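Here the structure is laid out as structure tokens; the discussion comes afterwards.
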Amino acid sequence: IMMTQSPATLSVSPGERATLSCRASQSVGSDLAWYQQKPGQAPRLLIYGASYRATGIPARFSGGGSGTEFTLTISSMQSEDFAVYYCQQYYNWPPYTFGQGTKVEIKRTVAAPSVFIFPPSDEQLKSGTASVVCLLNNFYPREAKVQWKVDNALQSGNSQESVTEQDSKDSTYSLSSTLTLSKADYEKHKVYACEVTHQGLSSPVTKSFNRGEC
Amino acid sequence: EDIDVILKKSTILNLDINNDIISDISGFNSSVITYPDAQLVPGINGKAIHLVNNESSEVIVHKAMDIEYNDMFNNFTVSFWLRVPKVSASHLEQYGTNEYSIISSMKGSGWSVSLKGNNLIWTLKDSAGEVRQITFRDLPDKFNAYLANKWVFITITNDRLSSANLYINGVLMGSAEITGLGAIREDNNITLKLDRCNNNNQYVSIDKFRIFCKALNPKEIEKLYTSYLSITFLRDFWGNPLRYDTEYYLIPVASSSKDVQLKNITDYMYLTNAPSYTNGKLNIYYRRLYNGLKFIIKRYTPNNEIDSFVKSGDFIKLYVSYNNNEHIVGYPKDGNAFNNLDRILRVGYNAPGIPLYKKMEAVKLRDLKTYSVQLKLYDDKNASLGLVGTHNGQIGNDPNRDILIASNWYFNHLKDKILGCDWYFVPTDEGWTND
Amino acid sequence: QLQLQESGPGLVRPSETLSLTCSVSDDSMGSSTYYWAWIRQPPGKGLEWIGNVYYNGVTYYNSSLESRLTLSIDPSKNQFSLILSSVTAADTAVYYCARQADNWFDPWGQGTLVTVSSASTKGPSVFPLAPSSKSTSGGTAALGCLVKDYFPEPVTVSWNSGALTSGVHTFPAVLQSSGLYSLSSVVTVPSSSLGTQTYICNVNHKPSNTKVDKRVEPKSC
């Protein structure tokens with residue numbers, strides 16, 4: 001076979017120990033490498049043979065395992081040194097066929113969001129198109145399942161505006177979600193809303209707007 | 001009742017190259033026909049018979065009248081050095097059904113060796129119509145398989161009232177029973193051809209073909225395998241003798257999934273992982289070849305009869321091929337090493353003052369069954385420094401790897417099963433291509 | 001010290017060519033015996049690489065991605081390049097060729113992103129987005145801003161001469177289906193701080209050189 005992430009998760013705080021994993025076949029039972037990737041620049045390597053660091057790399061990292069299946073740990077992490085990692089394989093024309101992903105996480109005090117709603121403006125009249133933007137600001141965690149209603153009706157299309165998470169100074173999240181329809185499709189109905197279902201909050205709240213909020 | 005005496009007592013034909021002629025040396029010297037295109041390729045000790053897929057290369061043997069009836073009620077066996085080219089993926093899907101009989105007694109019955117796809121198969125055609133086959137499913141690991149252009153042996157230990165067996169390298173690899181037969185009026189003609197093949201570039205190279213008028217046993221056939229394996233010459237990977245001043249790539253024996261790689265100009269060597277191919281669709285997989293570094297093996301100082309054949313234990317240099325420019329391996333004095341007994345290797349260390357041990361010697365010490373080769377490194381005062389071996393260890397700032405060494409420490413494992421300084425010498429050969 | 005430093009800037013149109021030169025510098029010998037390979041990077045997705053070809057030039061990694069791109073070498077300046085043709089938008093990315101020194105892609109470089117778009121440049125279209133006392137005091141006042149119909153990235157997003165960027169939160173841009181890019185820019189201010197001072201967006205997509213500002217006031221009929 002090839003690589004499979006088992007598991008593919010992370011939940012850590014400043015200071016604690018990271019724990020990742022992979023899985024593959026072992027016909028090349030080779031000890032392998034692990035690649036970190038700071039956002040601001042290009043990725044780089046962290047280990048090779050799961051134990052031997054490269055230069056300039058402080059030894060606070062490590063890893064181990066058998067065959068080709070390997071895992072690794074990282075202790076005393078600093079937010080400034082945190083991003084998704086990646087594990088290898090040994091294909092017989094080798095660069096290393098990458099692992100799918102190592103989803104990462106910074107832990108903050110769990111908290112519900114504070115959603116907003118915004119109607120379009122004169123441009124959509126001068127455009128004939130339409131777009132419905134509703135902010136939800138300064139929340140946590142990554143999970144946010146926002147949907148819409150057309151006076152009642154959920155969407156199947158016009159849902160692809162799912163801008164996703166970032167990270168901030170104070171480790172908060174603030175995404176954005178919009179709509180796109182033609183003025184016929186928009187004025188053809190009266191009241192839309194943002195179905196925000198934050199797993200942290202676990203209680204569906206929704207602000208709505210009034211077409212002609214004058 | 002000794003091994004070699006029964007060995008030379010039971011042989012009843014010996015097809016052998018002797019000075020560009022094929023002839024039987026089994027006392028019963030029978031006809032050895034040959035045709036203008038029955039070429040002969042390099043041989044272990046001498047030359048090697050060849051075959052090509054057309055009506056050119058027939059080498060038939062009209063046998064003696066008294067022994068024509070040899071197979072009426074007697075058990076026997078065939079044996080020969082063998083190797084076939086690496087059937088590529090394309091030609092494989094093209095011809096994965098063709099069943100050509102290399103050795104047979106057709107016209108028109110009797111024992112008949114056959115090669116088909118990636119299989120060897122005995123085929124016996126008796127009187128009453130019954131037939132038995134003993135397939136050998138391909139050894140899926142091509143890189144050490146038994147149709148991979150490796151010079152290999154086969155024996156087919158026919159027994160009428162018992163089993164017939166096949167033996168690769170002497171080892172058993174497949175068998176099936178035979179009993180329940182009748183008397184055969186087998187014809188006498190012994191075809192050696194690609195009869196009814198369907199590939200133009202198909203070719204099987206038989207060497208040292210022989211037949212024994214009796215059964216055998218594992219111990220004596222192992223001794224026989226060893227016997228044919230003369231220490232006299234110093235084989236390369238494929239089995240044909242090494243060639244001086246020709247290109248070579250080198251592959252450790254317990255590091256198949258590795259191969260060589262230079263790091264920098266004139267500085268240390270090191271090892272790396274395996275580029276290769278895998279057809280997981282036709283049960284095919286093999287480490288790719290010819291990829292790594294090209295090497296040139298010279299004599300230390302030219303001679304009069306400069307024949308590129310290498311005899312056992314001959315003093316040589318070692319040049320590496322790079323951009324078609326040549327560079328020699330070695331070890332300079334005070335050359336930083338591991339434990340001061342595992343001498344790091346180098347390549348043409350362009351030292352202004354420091355000298356360099358450039359005096360090696362091809363040396364055969366172990367693996368009298370498998371075609372490996374050990375290389376030794378002397379000083380300039382005739383002292384054994386060690387063999388070129390596999391021993392870990394980081395150097396400087398660069399990452400840790402596996403590096404080529406020289407450590408007489410190795411001399412204390414020569415009785416073991418696996419070593420770290422045995423080697424393969426692959427030359428760029430026809431019958432294998434990275435698909 | 002091997003500073004990879006690449007070029008081949010700009011954007012590509014579908015089925016056209018892309019020149020991508022991997023100038024490895026300051027390593028005079030450079031190409032001695034180790035490999036060289038490329039890296040594919042579709043933003044926010046898994047990472048399969050492209051290929052790996054030697055300076056003997058045997059071949060490169062051929063999974064189902066060849067026959068539209070080609071790999072090259074140049075031992076002259078230790079250089080080696082990437083050929084690209086008959087490409088689709090599905091490979092808009094930032095590519096990475098990196099030194100597979102001893103079979104691990106240890107030193108990596110800045111690199112540069114490639115955008116397989118279809119439309120040309122475009123001045124950005126700023127739109128105001130103003131709150132009011134309709135649902136006032138949602139904790140506090142968060143006024144938004146929409147700029148759209150522009151190409152290509154980036155695009156300036158600031159607020160009132162960059163005076164107070166406090167609590168501002170722009171977003172990563174998203175490609176509009178008809179061949180544009182969309183984003184937003186929202187600040188959060190005191191509920192009743194509106195109408196006393198000014199609140200102006202700042203968007204500017206320099207490649208079209210259209211520096212437009214919208215003096216936004218919370219409009220209430």
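Letters A, B, ... go to the chains of the structure tokens in the order shown; residues in each chain start at 1; ligands are counted from 1 in the same order.
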
Exercise. With a distance cut-off of 10 Å and only C-alpha atoms, select the neighbouring residues of residue 102 (chain C), excluding the residue or stretch itself and same-chain residues fewer than 4 positions from it, and output the selection as number ranges by chain.
Key: B: 261-263, 270-273, 398-399, 401; C: 33-36, 106

Quiz item: Using only C-alpha atoms, which residues sit within 6 Å of region 305-322 of chain B once same-chain residues fewer than 5 positions away are excluded, as a list in words?
Solution: residues 232, 233, 234, 243, 244, 294, 295, 296, 297, 298, 299, 300, 327, 328, 329, 359, 360, 361, 362 and 363 of chain B

Practice problem: Would you kindly report the residues of chain C within 9 Å of chain B, using only C-alpha atoms, as a PyMOL selection string? | Solution: chain C and resi 29-34+56+58+101-103

Give me a file of those residues, with C-alpha atoms, as a compact mmCIF listing (two decimals), in the first residue's frame.
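Result went into again_36.txt, see below:
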# COMPACT_ATOMS: atom_id res chain seq x y z
CA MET C 29 30.75 22.54 -8.09
CA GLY C 30 27.08 22.16 -7.30
CA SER C 31 25.99 19.30 -9.49
CA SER C 32 28.41 16.63 -8.35
CA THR C 33 26.41 13.43 -7.78
CA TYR C 34 23.12 14.10 -5.94
CA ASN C 56 22.98 12.20 -16.39
CA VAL C 58 17.76 9.25 -16.91
CA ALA C 101 21.19 16.26 -1.39
CA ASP C 102 21.81 12.61 -0.55
CA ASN C 103 18.12 11.75 -1.01

Quiz item: If we count only C-alpha atoms, what is near region 29-46 of chain A at a cut-off of 10 Å, once residues fewer than 5 positions away on the same chain are taken out, given as a ChimeraX atom specification?
Solution: /A:24,51-55,57-59,61-72,80-90,96,98-99,102 /B:257,273 /C:94,96,104-112

For chain B against chain A, which residues fall within 6 Å using only C-alpha atoms, given as a PDB file with N, CA and C atoms, in the first residue's frame?
ATOM      1  N   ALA B 274      16.978   2.925  -2.886  1.00  0.00           N
ATOM      2  CA  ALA B 274      16.815   2.155  -4.113  1.00  0.00           C
ATOM      3  C   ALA B 274      15.862   2.811  -5.100  1.00  0.00           C
ATOM      4  N   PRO B 275      16.336   3.342  -6.215  1.00  0.00           N
ATOM      5  CA  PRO B 275      15.433   3.553  -7.350  1.00  0.00           C
ATOM      6  C   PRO B 275      15.132   2.234  -8.043  1.00  0.00           C
ATOM      7  N   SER B 276      13.878   2.017  -8.434  1.00  0.00           N
ATOM      8  CA  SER B 276      13.452   0.745  -9.011  1.00  0.00           C
ATOM      9  C   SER B 276      12.084   0.841  -9.676  1.00  0.00           C
TER      10      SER B 276
END

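If you look at CA of residue 193 (chain B) and CA of residue 229 (chain B), they are 25.8 Å away from each other.
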
Self-check item: Long-range neighbours of region 105-120 of chain A as a ChimeraX atom specification, 7 Å cut-off, only C-alpha atoms, 4 positions minimum in chain
Solution: /A:10-13,124,130-140,171,198,200-201,207-209

Restricting it to N, CA, C and O atoms, dump the selection as a short mmCIF file (atom, residue, chain, number, x, y, z; two decimals), in the first residue's frame.
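Result written to result_36.cif:
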data_model
loop_
_atom_site.label_atom_id
_atom_site.label_comp_id
_atom_site.auth_asym_id
_atom_site.auth_seq_id
_atom_site.Cartn_x
_atom_site.Cartn_y
_atom_site.Cartn_z
N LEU A 10 -4.60 16.46 16.32
CA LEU A 10 -3.67 17.10 17.23
C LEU A 10 -4.47 17.96 18.20
O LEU A 10 -5.45 18.60 17.82
N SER A 11 -4.04 17.95 19.46
CA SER A 11 -4.65 18.81 20.47
C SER A 11 -3.60 19.07 21.54
O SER A 11 -3.35 18.21 22.39
N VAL A 12 -2.97 20.25 21.49
CA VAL A 12 -1.85 20.56 22.38
C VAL A 12 -1.99 21.99 22.86
O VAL A 12 -2.77 22.77 22.31
N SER A 13 -1.21 22.34 23.87
CA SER A 13 -1.14 23.67 24.47
C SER A 13 0.33 24.08 24.49
O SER A 13 1.19 23.24 24.23
N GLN A 124 -24.91 46.19 -6.01
CA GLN A 124 -25.65 45.05 -6.53
C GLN A 124 -26.82 45.52 -7.38
O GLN A 124 -27.18 44.88 -8.37
N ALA A 130 -25.95 39.76 -6.56
CA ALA A 130 -26.22 39.96 -5.14
C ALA A 130 -25.28 39.08 -4.34
O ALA A 130 -24.81 38.05 -4.82
N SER A 131 -25.02 39.50 -3.10
CA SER A 131 -24.11 38.77 -2.22
C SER A 131 -24.46 39.11 -0.78
O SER A 131 -24.66 40.28 -0.45
N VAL A 132 -24.51 38.08 0.06
CA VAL A 132 -24.90 38.24 1.46
C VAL A 132 -23.73 37.86 2.34
O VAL A 132 -23.35 36.68 2.42
N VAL A 133 -23.14 38.85 3.00
CA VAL A 133 -22.00 38.64 3.88
C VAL A 133 -22.47 38.76 5.32
O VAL A 133 -23.14 39.72 5.71
N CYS A 134 -22.14 37.75 6.12
CA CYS A 134 -22.40 37.77 7.56
C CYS A 134 -21.14 37.37 8.30
O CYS A 134 -20.68 36.23 8.19
N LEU A 135 -20.57 38.31 9.04
CA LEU A 135 -19.35 38.05 9.78
C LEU A 135 -19.64 37.22 11.03
O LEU A 135 -20.73 37.26 11.60
N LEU A 136 -18.63 36.46 11.44
CA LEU A 136 -18.57 35.91 12.79
C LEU A 136 -17.14 36.08 13.29
O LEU A 136 -16.20 35.56 12.68
N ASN A 137 -16.99 36.83 14.38
CA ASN A 137 -15.72 37.46 14.71
C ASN A 137 -15.19 36.90 16.02
O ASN A 137 -15.92 36.75 17.00
N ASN A 138 -13.89 36.61 16.02
CA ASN A 138 -13.11 36.36 17.24
C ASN A 138 -13.68 35.18 18.03
O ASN A 138 -14.21 35.32 19.13
N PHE A 139 -13.54 34.00 17.43
CA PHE A 139 -14.11 32.79 18.01
C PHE A 139 -13.02 31.73 18.10
O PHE A 139 -11.84 32.00 17.87
N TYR A 140 -13.44 30.51 18.43
CA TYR A 140 -12.61 29.32 18.52
C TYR A 140 -13.55 28.14 18.78
O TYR A 140 -14.60 28.34 19.40
N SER A 171 -4.47 34.08 19.54
CA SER A 171 -4.88 32.71 19.21
C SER A 171 -6.39 32.60 18.98
O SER A 171 -7.01 31.64 19.43
N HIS A 198 -22.15 26.42 16.16
CA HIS A 198 -20.79 26.29 16.69
C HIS A 198 -20.77 25.16 17.71
O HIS A 198 -21.44 25.23 18.74
N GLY A 200 -18.75 24.31 19.88
CA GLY A 200 -18.49 24.80 21.22
C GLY A 200 -19.74 25.35 21.87
O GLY A 200 -20.11 24.96 22.98
N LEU A 201 -20.42 26.27 21.19
CA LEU A 201 -21.65 26.85 21.73
C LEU A 201 -22.75 25.80 21.84
O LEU A 201 -23.51 25.80 22.82
N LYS A 207 -28.63 35.44 13.77
CA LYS A 207 -29.11 36.77 13.43
C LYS A 207 -29.58 36.75 11.98
O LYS A 207 -29.04 36.03 11.14
N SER A 208 -30.61 37.54 11.69
CA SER A 208 -31.07 37.67 10.32
C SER A 208 -31.13 39.14 9.91
O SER A 208 -30.77 40.02 10.70
N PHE A 209 -31.59 39.41 8.69
CA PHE A 209 -31.65 40.77 8.18
C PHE A 209 -33.00 40.95 7.50
O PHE A 209 -33.75 39.99 7.27
#

Self-check item: Of the listed residues C:75, C:167, C:14, C:123, that which approaches chain A most closely, counting only C-alpha atoms
Solution: C:167

Quiz item: Hey, which of C:218, C:139, C:207, C:162 ends up closest to chain A? Count only C-alpha atoms.
Solution: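 Checking each of C:218, C:139, C:207, C:162 against chain A, counting only C-alpha atoms, the winner is C:139.
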
Quiz item: Tell me, which residues of chain A carry DSSP alpha helix (DSSP H), written as a list in words?
Solution: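 Selection result, alpha helix (DSSP H) within chain A: residues 122, 123, 124, 125, 126, 127, 183, 184, 185, 186 and 187 of chain A.
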
Put those residues in a file: C-alpha atoms, as a PDB file, in the first residue's frame.
ATOM      1  CA  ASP A 122     -25.904  50.068  -4.145  1.00  0.00           C
ATOM      2  CA  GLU A 123     -23.393  48.102  -6.220  1.00  0.00           C
ATOM      3  CA  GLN A 124     -25.645  45.052  -6.533  1.00  0.00           C
ATOM      4  CA  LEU A 125     -28.370  47.307  -7.888  1.00  0.00           C
ATOM      5  CA  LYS A 126     -25.782  48.693 -10.301  1.00  0.00           C
ATOM      6  CA  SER A 127     -24.641  45.100 -10.866  1.00  0.00           C
ATOM      7  CA  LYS A 183     -30.819  40.333  -8.374  1.00  0.00           C
ATOM      8  CA  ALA A 184     -33.676  38.192  -9.664  1.00  0.00           C
ATOM      9  CA  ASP A 185     -32.637  35.349  -7.362  1.00  0.00           C
ATOM     10  CA  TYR A 186     -32.193  37.799  -4.481  1.00  0.00           C
ATOM     11  CA  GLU A 187     -35.199  40.120  -4.621  1.00  0.00           C
TER      12      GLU A 187
END
